[PDB]
Protein chains: 2
Amino acid sequence: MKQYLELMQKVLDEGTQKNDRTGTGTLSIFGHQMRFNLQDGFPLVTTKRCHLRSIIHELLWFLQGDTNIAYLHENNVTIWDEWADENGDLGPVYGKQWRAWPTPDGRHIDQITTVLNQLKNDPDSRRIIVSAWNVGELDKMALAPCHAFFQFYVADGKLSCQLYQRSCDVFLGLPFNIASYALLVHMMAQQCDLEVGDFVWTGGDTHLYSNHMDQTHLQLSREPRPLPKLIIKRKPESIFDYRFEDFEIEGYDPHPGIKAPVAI
Amino acid sequence: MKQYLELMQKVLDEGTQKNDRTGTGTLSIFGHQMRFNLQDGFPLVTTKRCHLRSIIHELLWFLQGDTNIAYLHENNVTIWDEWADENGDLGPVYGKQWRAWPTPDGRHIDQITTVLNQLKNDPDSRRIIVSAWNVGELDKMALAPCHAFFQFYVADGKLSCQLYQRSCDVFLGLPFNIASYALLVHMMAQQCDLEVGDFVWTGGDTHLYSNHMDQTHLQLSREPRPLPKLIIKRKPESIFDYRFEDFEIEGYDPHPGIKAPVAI
Ligand SMILES: [N]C1=NC2=C(C(=O)[N]1)N([C]1F[C@@]13=[C]N([C]1[C][C]([O])[C]([C]OP([O])([O])=O)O1)C(=O)[N]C3=O)[C]([C][N]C1=[C][C]=C(C(=O)[N][C]([C][C]C([O])=O)C([O])=O)[C]=[C]1)[C][N]2
Ligand SMILES: [N]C1=NC2=C(C(=O)[N]1)N([C]1F[C@@]13=[C]N([C]1[C][C]([O])[C]([C]OP([O])([O])=O)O1)C(=O)[N]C3=O)[C]([C][N]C1=[C][C]=C(C(=O)[N][C]([C][C]C([O])=O)C([O])=O)[C]=[C]1)[C][N]2
């Protein structure tokens, strides 16, 4: 996609070499913002084939409040394997904060349901937020939330959302994050009877791993094809009732896939 | 400042009329990003005179972990008056989350001290964050955090910071937020022996109240003067030991102040 290849190039032209947790080394920029009008198409990268099955199920997994990779495995999704414990546990990552943020006073907050209530009763609210950065539980998570806080906004009968992604692997991670969030906006909007607006992505440390340079030059030489169209076939009773089979991505014709190693 | 007047104009040209909590009405845009290189000057608005005494003390107040407006009053700062309870309490707003985020398990996390430790021992970390959005305590805060999550970044021996501000009153609020955060970056960098890099501001619902339109046209007609220079006179032993008198803003010569009513 135009904006994504423009991010890649900018990392190439402006990133400074940085050491990283994984010991891999990256080219890094701090602070970037891009916007996707969802009415133009489903922002799924076309310059490389993206694994939709993985993107969809990770989202559905988050929405169930699950942190065990079992449901993923059941579905042949193996992207969270390197971080899971002996039992397939990741700790209180995404799903748990989204669906049951534990309170000092021993309560559990379902931020997703809170959001639905605000979108249905107070659409102009400037406080419609979901946060996965629960400071009192970071020590228990296998990985700190990469996509860590997002805000919804309604204007003109359209639903928009902004994500703050603190750390972004541009090659592997980004294509997934973008589609994933675009998907959630489409789901929330159907549930709330709104049209989709914009997906605004904001990044903190946005980087290219050093062992993804060939993969990058490769992709940078391909021309973006037209964005597909997302079709949601049925309207579940709740945000918690979508099924993989309810989604249809129409006219996705990507260039071929590019393998790249994941940094652990 | 150039970037700030450009934001104001864009709100004017592109904002859609929106109802708001306060019942005032605004012109609103969703998603905006601006960057300030701190080496160019202290980003204090010049097209209107800003009250530095208020900006400085609010910051020092946050750093003490205080949520009672008493210290402010002692110092002739009255900007938090409309929201304080009978006792001058605001609830667990900013200072409390920054210095003592209460954990499910009954612990208190000092995110500020955690940050210092990460900047001194792991500068390349992509997890140096302070969050005031404690979901389990929003119901107790007088106002939900407007500036709600910020991230630090080190590259090339320079310290950068990105703020996610969920809601922004462009006229009253922004000039204060910008200077405030620029100030904290200068303080952290002195404590860590780094040079200042960039201040990246990212906004969610960025708006102009409807009863600030005259004030806006007025300011928009003034030409920005040169940015002042911040001088920090001494190096306290800790981030918690700065005093008002330790800061000097050199060459601040603003156009005159513009009064505008605050929306409650
Ligand atoms: N390196 C890495 N790691 C990880 C990831 C990535 O992406 N990369 N992921 C993701 F949560 C997340 C994060 N991120 C990143 C950022 C950084 O770089 C990291 C972290 O670190 P710190 O240090 O900062 O903390 O990470 C991002 O970006 N985002 C987000 O969200 C996870 C996992 N996931 C995944 C993986 C992998 C994949 C692949 O490979 N894919 C492929 C295929 C498909 C199949 O399955 O086959 C393609 O695409 O091709 C995906 C996903 C965690 N970790
Ligand atoms: N309206 C309003 N309110 C408030 C404020 C403002 O600004 N405005 N502040 C600020 F925390 C904060 C917030 N913000 C805002 C956003 C919105 O609009 C609001 C909230 O709502 P929601 O609904 O969203 O929740 O708010 C922002 O922006 N930011 C931030 O941070 C506070 C208080 N503060 C203040 C006030 C006032 C002032 C003034 O007036 N100043 C003047 C003067 C000085 C002396 O003092 O004189 C000038 O500047 O001229 C300041 C500050 C809270 N609330």
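Residues numbered from 1 in each chain as written, not as in the entry; some residues may be left out. Chains lettered and ligands numbered in written order. Heavy atoms only, no water.

Draft legend 1. Representation of the site of ligand 2. Near ligand 2 lie 25 residues; those nearest to it are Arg127 of chain A together with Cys146, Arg166, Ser167 and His207 of chain B. More than one chain approaches ligand 2, the contributing ones being chains A and B. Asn177 of chain B places a side-chain nitrogen or oxygen 2.9 Å from an oxygen atom of ligand 2. Take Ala263 of chain B: an N or O atom from its main chain is 2.9 Å from a nitrogen atom of ligand 2. Within the complex, the protein chains bury 87% of what would otherwise be the 960 Å² of accessible surface of ligand 2. Counting residues per element, the ones that place at least two in the shell around ligand 2 are β7 (158-169), α6 (173-192) and β8 (195-209) of chain B. (Near = heavy atom within 4 Å. Polar contact = N/O pair within 3.5 Å; in protein donor to acceptor, adjacent residues only side chain to side chain. Areas by Shrake-Rupley, 256 points an atom, 1.4 Å probe, with all protein chains shown as cover. Helix = DSSP H or I, 4+ residues; strand = E, 2+ residues; numbered from the N terminus.)

Draft legend 2. Region of interest: the sheet that holds β8 of chain B. Residue and element names in this part refer to chain B. Strand order in the open sheet made by the 6 strands is β1-β2-β8-β7-β6-β5, with mixed pairing throughout. Since the sheet does not close on itself, it has two edges, and those belong to β1 (16-18) and β5 (129-131), each with one partner. Each adjacent strand pair in this sheet contributes to an overall mean axis angle of 20°, direction not counted. Taken together, the 3 bridges between β1 and strand β2 (residues 26-37) define a ladder with antiparallel strand orientation. Bridge pairing links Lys18 to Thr26 in β2. (Pairing = 2+ DSSP bridges. Axes fitted to C-alpha atoms, helices over the stretch in contact; angles between N-to-C directions.)

Draft legend 3. Quick peek at the UniProt feature "binding site: dUMP" in chain A. UniProt feature "binding site: dUMP": in the numbering of this structure it lies at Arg21, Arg126, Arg127, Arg166, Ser167, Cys168, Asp169, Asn177, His207, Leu208 and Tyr209 of chain A. A stretch of 189 residues holds the annotated residues, and the largest C-alpha distance among them is 35.9 Å, long enough that they do not meet in one place. Note on placement: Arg21 of chain A falls in the loop between β1 (16-18) and β2 (26-37). Using a relative accessible area of 48% as the deciding quantity, one classes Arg21 of chain A as partly exposed. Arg21 of chain A has contacts with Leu143 and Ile264 of chain A together with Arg126 and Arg127 of chain B, leaving out every residue within four places of it along the chain. Along the polypeptide, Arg126 of chain A turns up in the loop between α5 (111-121) and β5 (129-131). (UniProt positions renumbered as here; feature names shortened; annotations may be inferred. Buried < 20%, exposed > 50% of the residue type's maximum accessible area, 1.4 Å probe, protein only. Contact = heavy atoms within 4.5 Å.)

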